[PDB]
Structures are given as structure tokens and as C-alpha cells.
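Note: the block below is coords22.csv and it holds CSV, C-alpha atoms and all ligand atoms.
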```csv
chain,number,residue,atom,x,y,z
H,5,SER,CA,39.1,43.4,9.3
H,6,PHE,CA,41.1,40.1,8.6
H,7,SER,CA,41.9,38.1,11.8
H,8,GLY,CA,44.0,35.1,12.7
H,9,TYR,CA,46.3,35.3,9.7
H,10,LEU,CA,49.9,34.3,9.8
H,11,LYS,CA,52.2,37.0,8.2
H,12,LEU,CA,54.5,35.4,5.6
H,13,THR,CA,56.0,38.6,4.1
H,14,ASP,CA,55.4,42.4,4.2
H,15,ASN,CA,52.2,42.0,2.2
H,16,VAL,CA,51.2,38.3,2.1
H,17,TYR,CA,49.2,36.7,4.9
H,18,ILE,CA,47.8,33.2,5.2
H,19,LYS,CA,45.1,31.4,7.2
H,20,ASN,CA,43.6,27.9,7.2
H,21,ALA,CA,40.0,28.9,6.4
H,22,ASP,CA,37.2,28.2,4.1
H,23,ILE,CA,37.2,31.2,1.7
H,24,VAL,CA,33.4,31.3,1.6
H,25,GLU,CA,33.1,31.5,5.4
H,26,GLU,CA,35.9,34.0,5.4
H,27,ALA,CA,34.2,36.2,2.8
H,28,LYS,CA,30.8,36.0,4.6
H,29,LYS,CA,32.6,37.1,7.8
H,30,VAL,CA,34.9,39.8,6.6
H,31,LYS,CA,32.9,41.1,3.6
H,32,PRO,CA,36.1,42.3,2.0
H,33,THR,CA,36.4,44.8,-0.8
H,34,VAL,CA,37.6,42.1,-3.1
H,35,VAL,CA,37.3,38.3,-3.0
H,36,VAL,CA,39.3,36.5,-5.7
H,37,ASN,CA,37.6,33.6,-7.5
H,38,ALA,CA,39.7,30.7,-9.0
H,39,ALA,CA,37.9,31.2,-12.3
H,40,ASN,CA,38.1,29.4,-15.7
H,41,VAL,CA,37.9,31.3,-19.0
H,42,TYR,CA,34.2,30.5,-19.4
H,43,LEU,CA,33.3,31.7,-15.9
H,44,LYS,CA,31.7,28.3,-15.4
H,45,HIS,CA,31.7,28.0,-11.6
H,46,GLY,CA,31.2,24.3,-11.3
H,47,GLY,CA,33.6,23.2,-8.6
H,48,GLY,CA,36.5,24.0,-6.4
H,49,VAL,CA,36.6,27.5,-5.1
H,50,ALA,CA,34.4,28.8,-7.9
H,51,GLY,CA,31.7,26.3,-7.3
H,52,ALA,CA,31.8,27.0,-3.6
H,53,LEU,CA,31.7,30.8,-4.0
H,54,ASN,CA,28.9,30.6,-6.6
H,55,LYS,CA,26.8,28.3,-4.4
H,56,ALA,CA,27.2,30.8,-1.6
H,57,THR,CA,25.7,33.5,-3.9
H,58,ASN,CA,22.6,31.3,-4.6
H,59,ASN,CA,23.9,31.1,-8.3
H,60,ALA,CA,23.7,34.9,-8.7
H,61,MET,CA,27.5,34.8,-9.5
H,62,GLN,CA,26.8,32.3,-12.4
H,63,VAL,CA,23.9,34.3,-13.8
H,64,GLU,CA,26.0,37.5,-13.8
H,65,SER,CA,29.0,35.6,-15.3
H,66,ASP,CA,26.9,34.1,-18.1
H,67,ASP,CA,25.8,37.6,-19.1
H,68,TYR,CA,29.4,38.8,-18.9
H,69,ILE,CA,30.5,36.0,-21.2
H,70,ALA,CA,27.6,36.5,-23.6
H,71,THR,CA,28.7,40.2,-24.0
H,72,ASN,CA,32.5,39.8,-23.9
H,73,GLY,CA,33.5,36.3,-24.7
H,74,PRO,CA,35.9,34.2,-22.6
H,75,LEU,CA,38.7,35.5,-20.5
H,76,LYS,CA,42.3,34.6,-21.4
H,77,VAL,CA,44.3,32.2,-19.2
H,78,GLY,CA,46.2,34.5,-16.9
H,79,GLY,CA,43.5,37.2,-17.2
H,80,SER,CA,40.7,38.5,-15.0
H,81,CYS,CA,37.6,40.5,-14.8
H,82,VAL,CA,35.9,42.4,-12.0
H,83,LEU,CA,32.3,41.5,-11.3
H,84,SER,CA,30.0,41.9,-8.2
H,85,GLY,CA,30.9,40.2,-5.0
H,86,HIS,CA,27.2,39.6,-4.3
H,87,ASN,CA,26.8,38.6,-0.6
H,88,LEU,CA,30.5,37.8,-0.2
H,89,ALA,CA,32.4,41.0,-1.0
H,90,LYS,CA,32.0,44.4,-2.7
H,91,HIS,CA,33.6,42.9,-5.8
H,92,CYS,CA,34.8,39.5,-7.1
H,93,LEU,CA,38.0,39.5,-9.1
H,94,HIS,CA,37.6,36.4,-11.3
H,95,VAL,CA,41.2,35.3,-12.0
H,96,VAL,CA,42.1,32.5,-14.4
H,97,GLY,CA,45.2,30.6,-13.4
H,98,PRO,CA,46.5,27.9,-15.7
H,99,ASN,CA,44.8,24.6,-15.2
H,100,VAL,CA,47.6,22.0,-15.3
H,101,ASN,CA,45.0,19.2,-15.6
H,102,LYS,CA,43.9,20.8,-19.0
H,103,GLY,CA,47.6,21.0,-20.1
H,104,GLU,CA,47.9,24.8,-19.7
H,105,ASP,CA,51.2,26.7,-19.4
H,106,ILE,CA,52.3,26.9,-15.7
H,107,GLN,CA,54.3,30.0,-16.7
H,108,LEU,CA,50.9,31.8,-16.9
H,109,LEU,CA,50.6,31.6,-13.1
H,110,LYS,CA,52.7,34.8,-12.7
H,111,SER,CA,50.5,36.7,-15.2
H,112,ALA,CA,47.4,35.5,-13.3
H,113,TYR,CA,48.8,36.8,-9.9
H,114,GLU,CA,49.7,40.2,-11.6
H,115,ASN,CA,45.9,40.9,-11.7
H,116,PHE,CA,46.0,41.1,-7.9
H,117,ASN,CA,48.2,44.2,-8.1
H,118,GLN,CA,45.3,46.3,-9.4
H,119,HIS,CA,43.6,46.0,-5.9
H,120,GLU,CA,45.0,47.3,-2.6
H,121,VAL,CA,43.7,44.5,-0.5
H,122,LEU,CA,42.3,41.1,-1.5
H,123,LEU,CA,41.0,37.9,0.1
H,124,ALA,CA,42.2,35.1,-2.2
H,125,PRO,CA,42.8,31.4,-2.7
H,126,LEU,CA,46.1,30.1,-4.1
H,127,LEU,CA,45.8,30.3,-7.9
H,128,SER,CA,46.0,27.1,-9.9
H,129,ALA,CA,46.0,25.0,-6.7
H,130,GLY,CA,43.3,22.3,-5.9
H,131,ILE,CA,41.5,21.0,-8.9
H,132,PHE,CA,43.6,23.3,-11.2
H,133,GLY,CA,46.4,20.8,-10.6
H,134,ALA,CA,49.5,23.0,-9.9
H,135,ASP,CA,51.7,22.5,-6.8
H,136,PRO,CA,50.4,24.8,-4.1
H,137,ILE,CA,53.9,25.4,-2.7
H,138,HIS,CA,54.9,26.8,-6.2
H,139,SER,CA,51.7,28.9,-6.3
H,140,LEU,CA,52.5,30.4,-2.9
H,141,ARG,CA,56.1,31.2,-4.1
H,142,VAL,CA,54.8,32.9,-7.3
H,143,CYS,CA,52.2,34.8,-5.2
H,144,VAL,CA,54.8,36.2,-2.8
H,145,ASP,CA,57.2,37.0,-5.6
H,146,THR,CA,54.5,38.7,-7.8
H,147,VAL,CA,51.8,40.3,-5.7
H,148,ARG,CA,52.8,43.6,-4.1
H,149,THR,CA,49.4,44.6,-2.7
H,150,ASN,CA,48.0,43.2,0.5
H,151,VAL,CA,46.8,39.6,-0.1
H,152,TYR,CA,45.1,37.4,2.6
H,153,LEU,CA,45.3,33.8,1.4
H,154,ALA,CA,42.7,31.3,2.6
H,155,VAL,CA,43.8,27.7,2.4
H,156,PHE,CA,40.9,25.3,3.0
H,157,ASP,CA,42.9,22.2,3.7
H,158,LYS,CA,44.6,22.2,7.2
H,159,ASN,CA,47.2,19.6,6.1
H,160,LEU,CA,48.1,21.7,3.1
H,161,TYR,CA,48.1,24.9,5.2
H,162,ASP,CA,50.6,23.3,7.6
H,163,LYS,CA,52.8,22.1,4.7
H,164,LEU,CA,52.8,25.6,3.1
H,165,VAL,CA,53.7,27.4,6.3
H,166,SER,CA,56.3,24.9,7.5
H,167,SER,CA,58.0,24.8,4.1
H,168,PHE,CA,57.9,28.6,3.4
H,169,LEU,CA,61.3,30.0,2.6
M,1,LIG,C1,30.7,25.9,3.4
M,1,LIG,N1,31.8,25.4,2.7
M,1,LIG,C2,31.7,25.7,1.2
M,1,LIG,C3,32.9,25.1,0.5
M,1,LIG,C4,32.9,24.0,-0.3
M,1,LIG,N2,34.1,23.8,-0.8
M,1,LIG,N3,34.9,24.8,-0.3
M,1,LIG,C5,36.2,25.0,-0.7
M,1,LIG,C6,36.9,24.0,-1.5
M,1,LIG,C7,38.1,24.2,-2.0
M,1,LIG,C8,38.7,25.4,-1.8
M,1,LIG,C9,38.1,26.4,-1.0
M,1,LIG,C10,36.9,26.2,-0.5
M,1,LIG,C11,34.1,25.7,0.4
```

Please lay out the structure from this file as C-alpha cells.
Amino acid sequence: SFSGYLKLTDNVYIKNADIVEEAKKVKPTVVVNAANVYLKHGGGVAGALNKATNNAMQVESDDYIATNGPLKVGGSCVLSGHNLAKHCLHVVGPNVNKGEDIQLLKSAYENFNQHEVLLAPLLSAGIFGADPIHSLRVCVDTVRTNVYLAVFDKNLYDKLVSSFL
């Protein structure tokens, strides 16, 4: 199972790790992708996860969008985890850089409650432009299922742990 995580709460764990490497090692039931509404996995966590699947994640995602249309900001869909996990839960956090409502971050994290255990990044962090300290706070106050957070950046990981209330 998951190893080397620091326990933050009864159900939230955190590790300084590359979520792609973490997923390839653990092969969790669910890996969360930091998706956009179009499932266009160009960069950040999404680009990295998609590149690890040899673009199979993007091919599957394009078929999903062709059939269903875009997701909502704050919404999600379950697709294959390919070589990374049994499933990938594509979750759309608000992208502050595109002027999206930060209040939708709680709705985005609520998607995690449909899965007993997940490997995930901090939603809306990184290239999505939100404050990762705020994202972790919303995560701990919203997710009730077991969430293993992978934080790529060591300096950000240290700041998140050291400032965690
Ligand atoms: C083998 N490394 C793949 C890779 C590239 N980028 N990231 C990454 C970036 C931001 C957030 C999480 C992960 C992982």
C-alpha cells in the first residue's frame, strides 16, 4: 500500500512525491487527475499523468468528451487509470488563472467522497493558480474518505506541513 506519508488528520495523508511515480509504484484503485472541463491534459498534473499513459488517457478522454460534452467546474468523471491505477477520477478544480470561482474548490473535493481511498494532488494548486495552503485546508475540511496527497514540490511540501493547523 501507500508508504512514507505523513498523517495530517484521521483521513488525510501527505507525501513529497511525484504523483506519476507514486501511481506507477502503488497502482492505487483511484488516482485523481487535476483535469479541466475539456479533459485536455496538456500540462501540470494532467499532462504528466497523460504522458505516463503514452497518451491513452487523452484518447479515452476525447471519446468521453465527444459523447458527453465538457465537465462542469467542480465536477468529475471516472475513466480508466490505464497503467497508473484501476481508475482515474478526473476532477475539475476552479482555475484561478482563468478567473473561475475559488468557492467551487469545495465542490471539487466533494467528488473524492465517492471513493474509499484515493491518491491525489492538491486541487486547483500549481498551474491552476490557487493557494495550495488553502487547497489543503479545503481538502481536510471536505474529504471524509482516505486521501493520500502527493505534493511534487519539496519546498511547497515543507511549507504545507509546517503551516498545517
Ligand atoms: C516523471 N515525472 C513526470 C512529471 C512531470 N511533471 N510532474 C508533476 C508536475 C506537477 C505536479 C505533479 C507532477 C510529474

Distance table requested - chain H against ligand LIG 1 (chain M), cut-off 6 Å, all atoms listed in the file: one row per qualifying residue with the closest atom pair and its distance in Å to one decimal, ordered by chain and rising residue number, as a Markdown table.
```
| residue | atom | partner | partner_atom | distance |
| --- | --- | --- | --- | --- |
| H:22 | CA | M:LIG1 | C10 | 5.0 |
| H:23 | CA | M:LIG1 | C10 | 5.5 |
| H:24 | CA | M:LIG1 | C11 | 5.8 |
| H:48 | CA | M:LIG1 | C7 | 4.7 |
| H:49 | CA | M:LIG1 | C8 | 4.4 |
| H:52 | CA | M:LIG1 | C4 | 4.6 |
| H:156 | CA | M:LIG1 | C9 | 5.0 |
```

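In this comparison, which uses only C-alpha atoms, the residue of H:158, H:126, H:153, H:111 approaching residue H:7 most closely is H:153.
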
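Near residue H:63, within a cut-off of 10 Å and counting all atoms listed in the file, sit the residues residues 43, 44 and 54 of chain H, with same-chain residues fewer than 6 positions away left out.
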
Restrict the selected residues to C-alpha atoms and save them as a tab-separated table (two decimals), in the coordinates of the input.
```tsv
chain	number	residue	atom	x	y	z
H	43	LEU	CA	33.30	31.70	-15.90
H	44	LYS	CA	31.70	28.30	-15.40
H	54	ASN	CA	28.90	30.60	-6.60
```

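Residues lying at most 8 Å from (35.1, 41.0, 2.9) in file coordinates, with only C-alpha atoms considered, are residues 5, 26, 27, 28, 29, 30, 31, 32, 33, 34, 35, 88, 89, 90 and 123 of chain H.
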
Atoms to include: C-alpha atoms. Write the selected residues as a tab-separated table (two decimals), in the coordinates of the input.
```tsv
chain	number	residue	atom	x	y	z
H	5	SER	CA	39.10	43.40	9.30
H	26	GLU	CA	35.90	34.00	5.40
H	27	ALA	CA	34.20	36.20	2.80
H	28	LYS	CA	30.80	36.00	4.60
H	29	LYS	CA	32.60	37.10	7.80
H	30	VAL	CA	34.90	39.80	6.60
H	31	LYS	CA	32.90	41.10	3.60
H	32	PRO	CA	36.10	42.30	2.00
H	33	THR	CA	36.40	44.80	-0.80
H	34	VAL	CA	37.60	42.10	-3.10
H	35	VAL	CA	37.30	38.30	-3.00
H	88	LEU	CA	30.50	37.80	-0.20
H	89	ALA	CA	32.40	41.00	-1.00
H	90	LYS	CA	32.00	44.40	-2.70
H	123	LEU	CA	41.00	37.90	0.10
```

Across H:82, H:169, H:109, H:77, the smallest distance to residue H:42, with only C-alpha atoms counted, is shown by H:77

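Closest approach to residue H:110 among H:47, H:8, H:125, H:78: H:78, based on all atoms listed in the file.
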
What would the file be for stretch 45-63 of chain H if you keep N, CA, C and O atoms and write it as a short mmCIF file (atom, residue, chain, number, x, y, z; two decimals), in the first residue's frame?
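Wrote it out as part-v1.cif, contents follow:
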```cif
data_model
loop_
_atom_site.label_atom_id
_atom_site.label_comp_id
_atom_site.auth_asym_id
_atom_site.auth_seq_id
_atom_site.Cartn_x
_atom_site.Cartn_y
_atom_site.Cartn_z
N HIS H 45 -5.43 17.25 -21.46
CA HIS H 45 -4.36 17.01 -20.49
C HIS H 45 -3.03 17.53 -21.00
O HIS H 45 -2.16 16.74 -21.35
N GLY H 46 -2.89 18.83 -21.04
CA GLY H 46 -1.71 19.45 -21.66
C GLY H 46 -0.51 19.64 -20.77
O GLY H 46 0.63 19.46 -21.22
N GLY H 47 -0.75 20.01 -19.54
CA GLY H 47 0.34 20.32 -18.64
C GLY H 47 -0.03 20.10 -17.20
O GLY H 47 -1.12 19.55 -16.90
N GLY H 48 0.87 20.48 -16.30
CA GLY H 48 0.68 20.22 -14.87
C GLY H 48 0.51 18.74 -14.58
O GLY H 48 1.05 17.90 -15.32
N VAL H 49 -0.25 18.40 -13.54
CA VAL H 49 -0.51 17.00 -13.22
C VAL H 49 -1.14 16.24 -14.41
O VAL H 49 -0.75 15.12 -14.69
N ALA H 50 -2.10 16.87 -15.09
CA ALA H 50 -2.80 16.20 -16.20
C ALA H 50 -1.89 15.84 -17.34
O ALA H 50 -1.91 14.70 -17.80
N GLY H 51 -1.00 16.76 -17.72
CA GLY H 51 -0.05 16.49 -18.78
C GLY H 51 0.92 15.39 -18.39
O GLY H 51 1.26 14.55 -19.22
N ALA H 52 1.34 15.38 -17.11
CA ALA H 52 2.25 14.37 -16.64
C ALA H 52 1.59 13.00 -16.58
O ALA H 52 2.18 12.02 -17.03
N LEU H 53 0.35 12.92 -16.04
CA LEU H 53 -0.34 11.62 -15.99
C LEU H 53 -0.60 11.11 -17.41
O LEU H 53 -0.34 9.93 -17.68
N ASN H 54 -1.04 12.00 -18.30
CA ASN H 54 -1.35 11.58 -19.66
C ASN H 54 -0.09 11.08 -20.37
O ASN H 54 -0.12 10.03 -21.01
N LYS H 55 1.04 11.81 -20.22
CA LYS H 55 2.28 11.37 -20.84
C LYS H 55 2.69 9.99 -20.32
O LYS H 55 3.12 9.15 -21.10
N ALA H 56 2.45 9.71 -19.02
CA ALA H 56 2.77 8.39 -18.47
C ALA H 56 1.94 7.27 -19.09
O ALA H 56 2.41 6.13 -19.13
N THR H 57 0.72 7.59 -19.55
CA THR H 57 -0.13 6.60 -20.22
C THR H 57 0.15 6.50 -21.72
O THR H 57 -0.62 5.85 -22.43
N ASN H 58 1.20 7.15 -22.22
CA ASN H 58 1.52 7.12 -23.65
C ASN H 58 0.36 7.73 -24.46
O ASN H 58 0.09 7.29 -25.58
N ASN H 59 -0.32 8.74 -23.89
CA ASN H 59 -1.45 9.44 -24.50
C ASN H 59 -2.74 8.63 -24.52
O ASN H 59 -3.71 9.12 -25.08
N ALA H 60 -2.78 7.43 -23.92
CA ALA H 60 -4.02 6.64 -23.90
C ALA H 60 -5.08 7.36 -23.08
O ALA H 60 -6.25 7.34 -23.46
N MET H 61 -4.67 8.07 -22.02
CA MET H 61 -5.62 8.86 -21.24
C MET H 61 -6.31 9.94 -22.12
O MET H 61 -7.53 10.11 -22.06
N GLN H 62 -5.54 10.62 -22.99
CA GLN H 62 -6.10 11.66 -23.85
C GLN H 62 -7.04 11.07 -24.91
O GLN H 62 -8.12 11.62 -25.14
N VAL H 63 -6.67 9.91 -25.48
CA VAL H 63 -7.54 9.28 -26.49
C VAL H 63 -8.88 8.89 -25.87
O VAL H 63 -9.96 9.23 -26.39
#
```
